[PDB]
Amino acid sequence: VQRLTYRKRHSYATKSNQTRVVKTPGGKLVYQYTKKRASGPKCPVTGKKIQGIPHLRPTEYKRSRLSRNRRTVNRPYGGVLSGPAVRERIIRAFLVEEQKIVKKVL
Amino acid sequence: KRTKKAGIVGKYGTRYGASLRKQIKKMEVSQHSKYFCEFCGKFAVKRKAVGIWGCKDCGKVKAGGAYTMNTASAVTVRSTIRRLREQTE
Amino acid sequence: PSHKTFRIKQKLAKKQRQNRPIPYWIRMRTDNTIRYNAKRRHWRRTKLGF
Amino acid sequence: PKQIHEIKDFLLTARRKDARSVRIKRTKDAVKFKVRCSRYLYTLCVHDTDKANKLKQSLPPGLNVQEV
Amino acid sequence: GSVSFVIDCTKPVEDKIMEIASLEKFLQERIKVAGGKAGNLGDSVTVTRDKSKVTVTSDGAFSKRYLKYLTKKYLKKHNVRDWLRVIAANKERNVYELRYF
RNA sequence: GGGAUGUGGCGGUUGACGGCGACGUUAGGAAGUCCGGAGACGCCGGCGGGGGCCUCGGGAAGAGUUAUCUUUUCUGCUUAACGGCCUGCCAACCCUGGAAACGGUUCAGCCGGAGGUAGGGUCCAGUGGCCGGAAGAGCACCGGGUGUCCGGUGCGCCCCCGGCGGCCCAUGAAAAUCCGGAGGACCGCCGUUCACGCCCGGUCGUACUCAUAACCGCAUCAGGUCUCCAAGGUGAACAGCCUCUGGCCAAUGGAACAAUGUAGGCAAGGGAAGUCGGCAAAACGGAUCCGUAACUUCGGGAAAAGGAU
RNA sequence: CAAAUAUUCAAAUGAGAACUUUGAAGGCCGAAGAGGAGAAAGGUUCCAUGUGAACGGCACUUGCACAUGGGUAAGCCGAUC
Ligand SMILES: [K+]
Ligand SMILES: [K+]
Ligand SMILES: [K+]
Ligand SMILES: [K+]
Ligand SMILES: [K+]
Ligand SMILES: [K+]
Ligand SMILES: [K+]
Ligand SMILES: [K+]
Ligand SMILES: [Mg+2]
Ligand SMILES: [Mg+2]
Ligand SMILES: [Mg+2]
Ligand SMILES: [Mg+2]
Ligand SMILES: [Mg+2]
Ligand SMILES: [Mg+2]
Ligand SMILES: [Mg+2]
Ligand SMILES: [Mg+2]
Ligand SMILES: [Mg+2]
Ligand SMILES: [Mg+2]
Ligand SMILES: [Mg+2]
Ligand SMILES: [Mg+2]
Ligand SMILES: [Mg+2]
Ligand SMILES: [Mg+2]
Ligand SMILES: [Mg+2]
Ligand SMILES: [Mg+2]
Ligand SMILES: [Mg+2]
Ligand SMILES: [Mg+2]
Ligand SMILES: [Mg+2]
Ligand SMILES: [Mg+2]
Ligand SMILES: [Mg+2]
Ligand SMILES: [Mg+2]
Ligand SMILES: [Mg+2]
Ligand SMILES: [Mg+2]
Ligand SMILES: [Mg+2]
Ligand SMILES: [Mg+2]
Ligand SMILES: [Mg+2]
Ligand SMILES: [Mg+2]
Ligand SMILES: [Mg+2]
């Protein structure tokens with residue numbers, strides 16, 4: 001049924017040697033080597049996924065290889081913190097600062 | 001149903017002796033129980049590793065006992081530390 | 001193997017050149033005692049341990 | 001390879017200095033105009049017979065034209 | 001609509017190998033239509049003759065590969081399968097013809 | 001990837017707009033300093049998705065069978081990286097609103113005033129769709145020509161992904177590399193991570209075998225030596241048995257069937273009397289239904305035993 | 001010279017054919033293979049042409065033997081980091 005062979009000299013089924021089967025215009029089946037599944041950016045305070053950015057290998061995010069809109073989010077702490085984390089920090093920053101003034105007066 | 005006395009310990013079959021299975025039963029139950037989260041008010045605290053107790057929903061992680069969230073001496077120590085702190089003043 | 005160090009390939013090339021028959025005209029020289037190569041090696045026998 | 005949609009954008013691309021040749025491929029449906037540039041091959045699909053002819057006549061005189 | 005398939009036997013009769021009348025008769029006796037009985041000769045499928053080509057026509061659905069199967073069977077029945085072969089005509093895709101090897 | 005250089009665009013409320021918002025748009029300042037993420041991770045069990053394969057049907061092309069039957073049997077009917085647009089799973093997130101007569105919901109879970117159900121959206125990934133590549137290729141036919149099409153199905157097999165659950169006195173690498181961010185010293189005809197355009201890309205390996213003959217076992221030695229792919233039937237099944245693709249008939253040959261061997265069978269009647277000893281062999285065996293003792297650490301024993309099909 | 005089921009017919013070539021080549025037939029491996037490709041290890045065994053002897057534990061016109069020639073191409077596969 002058209003059994004397949006590896007196309008390079010890697011002979012072991014490691015995570016870096018994962019293949020897929022494709023049909024060619026020549027009417028046959030060949031192996032194509034895929035890229036390992038990668039996590040995207042993560043939030044450090046919630047642990048949740050960072051919205052708006054694709055899940056790529058680290059070197060596929062390189063500036064010469066990826067557009068700027070794909071790399072960033074337009075908000076303070078854009079690709080670093082999620083929206084809920086940024087809201088909490090703004091509120092905490094302001095409310096604790098007000099408490100410092102109240103401590104000074106009292 | 002399914003068992004008259006073994007419970008969670010029936011996974012061990014006939015092995016290790018009846019007294020040892022009865023010994024391990026309380027810790028097997030307690031370490032797989034769900035505990036109340038004082039921070040959020042839900043019964044969502046689960047053991048992540050020996051001594052580590054994490055709430056599912058609010059995400060708080062707490063250092064506790066090996067097979068139970070709060071050990072008996074932990075409560076006693078907290079009361080002794082609290083009384084010493086107040087009487088220190 | 002297919003994967004070779006350069007230094008191994010260079011040595012293998014020299015051993016390839018060295019296992020040839022002696023030229024016929026060598027036996028015709030004035031005071032000649034050489035009969036055969038006395039140093040031919042076949043790959044299936046007598047491995048060269050590299 | 002990239003596709004061009006409107007005719008005028010193909011006109012400016014064929015007028016680029018780095019454009020080398022234009023290939024005209026005839027299908028049973030439409031007529032494909034392919035201009036070989038430095039980095040990309042640009043293809044424009046003309047579904048109209050006369051618009052293909054008007055495009056053929058209006059090409060830059062300096063560019064090579066090939067029939068496929 | 002009206003699907004028409006025609007077997008072109010022009011060459012085989014000019015060389016007097018077979019007879020299209022036997023071909024036509026073989027077709028009227030051995031055609032099953034709408035999953036019925038063989039050679040029922042219903043109201044849909046009809047077989048008409050010419051000097052060289054036999055025409056099959058119906059108002060329903062008829063498969064052209066069925067006609068090829070019946071023609072090859074007829075050639076074996078009258079011992080011409082070795083000398084003749086059925087080939088789709090290059091000009092038309094509703095037309096077969098008999099050709100020498 | 002690196003290096004030079006324009007042309008065009010873009011910004012100056014010096015350092016762009018839009019969106020309530022999640023976030024979107026090819027561009028759209030910046031030094032020392034500092035912060036985050038990716039890389040980056042175990043085992044086991046369900047469930048879902050995608051690709052390939054297998055499989056059922058229709059159409060057309062060619063071939064096989066054809067005393068009889070067979071709208072039949074067989075073969076093939078293809079579409080790469082890369083770019084644009086669409087789609088947008090399962091999770092995650094946003095806005096409105098405010099829930100008991102509680103509801104939503106999975107195979108299992110589980111979720112909700114710390115905001116459910118519902119309504120409307122954002123993002124995420126794809127080995128998804130269409131177009132370009134690209135029919136001009138490849139393949140199959142007919143002698144340049146024709147065609148390269150339409151559906152169905154699934155506890156199927158292999159690979160990958162997603163998302164849950166379980167387990168640990170076990171919690172299952174690091175670094176290079178890349179991206180983002182906080183701050184704003186400094187700076188205006190100068191900034192530009194944008195498009196298009198120009199140049200360049202060193203050294204070494206690459207044949208072949210990978211094994212009942214290319215490696216080790218003194219050998220062309222029934223041994224030993226790490227992997228990937230993997231079809232049809234029977235069947236629970238990568239069991240055994242048969243078949244397709246591919247590969248092979250290499251194991252000195254010929255004549256004859258003595259004893260004794262070696263390997264494999266059967267044997268009336270008896271049934272362990274044989275032998276240290278039931279050694280060896282024979283008997284049993286799958287599935288469905290019924291039924292199942294003592295003893296027990298209460299979990300087992302148990303496929304007990306015993307019957308029927 | 002007995003494990004791994006197995007050969008047969010016609011023709012060709014040749015001094016010479018049970019063993020070479022072609023065609024036909026009968027069989028086996030049965031896809032966790034006797035199929036298709038790699039890592040170690042080997043190092044030319046790879047391909048062509050030719051054939052004195054030796055060797056291929058019978059034989060050979062034949063070769064993993066022997067002789068003469070030919071053959072391994074990278075910015076993207078690896079090493080290299
Ligand atoms: K973005
Ligand atoms: K690792
Ligand atoms: K690629
Ligand atoms: K090579
Ligand atoms: K061997
Ligand atoms: K005998
Ligand atoms: K006995
Ligand atoms: K290189
Ligand atoms: Mg050796
Ligand atoms: Mg030595
Ligand atoms: Mg388990
Ligand atoms: Mg909704
Ligand atoms: Mg296309
Ligand atoms: Mg073609
Ligand atoms: Mg597999
Ligand atoms: Mg800033
Ligand atoms: Mg496998
Ligand atoms: Mg079955
Ligand atoms: Mg089997
Ligand atoms: Mg032998
Ligand atoms: Mg003999
Ligand atoms: Mg007896
Ligand atoms: Mg008896
Ligand atoms: Mg006795
Ligand atoms: Mg006795
Ligand atoms: Mg005795
Ligand atoms: Mg026995
Ligand atoms: Mg018993
Ligand atoms: Mg012997
Ligand atoms: Mg033989
Ligand atoms: Mg067998
Ligand atoms: Mg067999
Ligand atoms: Mg090979
Ligand atoms: Mg050879
Ligand atoms: Mg000999
Ligand atoms: Mg040699
Ligand atoms: Mg590389």
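Within chain E, which is the longest segment containing none of the GluC sites (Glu not before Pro) that sit in a DSSP loop and have at most 16 other Cβ atoms within 10 Å? Of all site-free stretches, the longest is E:20-91.
Taking trypsin sites (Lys or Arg not before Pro) across the stretch A:1-69, the ones in a DSSP loop with at most 15 further Cβ atoms lying within 10 angstrom of their Cβ are A:3, A:7, A:8, A:9, A:28, A:35, A:36, A:37, A:48, A:62, A:63, A:65.
Based on DSSP loop calls and a cut-off of at most 14 other Cβ atoms within 10 Å, the longest stretch of chain B free of exposed chymotrypsin sites (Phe, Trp or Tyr not before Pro) is what? Counting only loop sites that pass the neighbour cut-off, the longest clear stretch is B:44-89. Over the residues of chain A, the helix contribution to mean residue ellipticity at 222 nm works out to -8000 deg cm²/dmol, using -39500 (n - 2.57) for each DSSP H run of at least 4. Taking the Cα centre of the protein assembly as shown as reference, the dipole from Cβ charges on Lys and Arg (+1) and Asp and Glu (-1) amounts to some 3720 debye.
For the stretch D:29-68, a/c is not less than 1.5, where a ≥ b ≥ c are the root eigenvalues of the C-alpha gyration tensor, and a/b does not top b/c. That puts it in the oblate class. Relative contact order of the stretch B:18-89, taken over Cα pairs closer than 8 Å and 6 or more residues apart, is 20 percent.
For chain E, the relative contact order comes to 34 percent (Cα pairs under 8 Å, sequence separation of at least 6). Helix C:6-18 axis versus longest C-alpha principal axis of chain C: approximately 20°, rounded to the nearest ten.
In this Cβ point-charge picture (+1 for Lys and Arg, -1 for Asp and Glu), chain B has a dipole of about 680 debye about its Cα centre. Cα axis of helix E:64-77 to longest principal axis of chain E: angle in degrees, 0 to 90, nearest 10? Result, in degrees: 50.
Think of each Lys and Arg Cβ as +1 and each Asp and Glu Cβ as -1; about the Cα centre, that makes the dipole of chain A roughly 600 debye. Helix B:72-88 and the longest principal axis of the Cα set of chain B meet at an angle near 10°.
Shown is the FRET efficiency for residue B:18 and residue B:56, computed with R0 = 41 Å from the Cβ-Cβ distance and rounded to the nearest 0.05: 0.70.
Reconstructed Cβ throughout: ideal geometry from the backbone, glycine too, with neighbour counts over all protein chains shown. No lab work stands behind these numbers, since they all come straight from the coordinates.
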